[PDB]
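*Asks:* The sequence isn't on hand, but the structure is:
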């Protein structure tokens, strides 16, 4: 996983 | 045999219990938009998206023939969020709260069906 919800 | 209106009556309270969780249900009330949320790989990881609004439309329009199909969609929604998001993330923790609420609501309903 690279991305977190923003 | 379960008539659609019998499934709405029995199962809608379990869905309403999820909507009543605020803020925990907010990330789940509409389909994940990967562009809006800055998560461009979302659909590479999540092949079958699901959310509260889609489950509600399926239940209202009579698309579940048997209660286990509704339960499967709820767990698909939860599993997608546990899969995509990190265990330390806000949405993952919200997902776990909703799953705890759902388990407590769905178990007595399924015993009565």
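*Replies:* Perfect, I can see it now. Numbering: from 1, shown residues only, chains lettered A, B, ... in the order given.

*Asks:* Contacts for stretch B:28-45, please.
*Replies:* Residues outside stretch B:28-45 that contact it (CB atoms under 8 Å, 6 or more residues apart in numbering or on different chains): A:2-6, B:18-19, B:46, B:49, B:51-54, B:77, B:80-81, B:83-84, B:94-95, B:98. Heads up, the C-betas are built off the backbone N, CA and C, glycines and all.

*Asks:* Run the contact check for stretch B:82-94 versus chain A.
*Replies:* Yes - using CB under 8 Å from any CB of the partner chain, stretch B:82-94 reaches chain A at B:84-86, B:89-91.

*Asks:* out of those, who has the most neighbours?
*Replies:* Of all the residues of stretch B:82-94 next to chain A, the most densely surrounded is residue B:84 (25 neighbours; neighbours counted as other CB atoms under 10 Å in any protein chain shown).

*Asks:* which residues does that residue contact?
*Replies:* Listed by CB under 8 Å, 6+ apart, the contact partners of residue B:84 are A:1, B:32, B:39, B:42, B:45-46.

*Asks:* How about residue B:56?
*Replies:* Contacts of residue B:56 (CB under 8 Å, 6+ apart): residue B:15.

*Asks:* The helix or strand encompassing it: which residues count as buried?
*Replies:* For residue B:56, the host element (DSSP states H and E) is helix B:52-60. By neighbour count with 16 or more other CB atoms under 10 Å in any protein chain shown, helix B:52-60 contains the buried residues B:52, B:54-56, B:59.

*Asks:* do the same with stretch B:103-113
*Replies:* For stretch B:103-113, a neighbour-count test (16+ other CB under 10 Å) marks B:105-106 as buried.

*Asks:* cool, and stretch B:9-17?
*Replies:* B:10-11, B:14-15, B:17.

*Asks:* coming back round to it: report the inter-axis angle for the helix or strand just after the helix holding residue B:56 versus helix B:52-60.
*Replies:* Note on helix B:52-60: by DSSP H and E, the next helix or strand toward the C-terminus is helix B:67-84. Comparing the axes of helix B:67-84 and helix B:52-60 via axes from the mean of the first three to the mean of the last three CA atoms, to 10 degrees yields an angle of 170 degrees.
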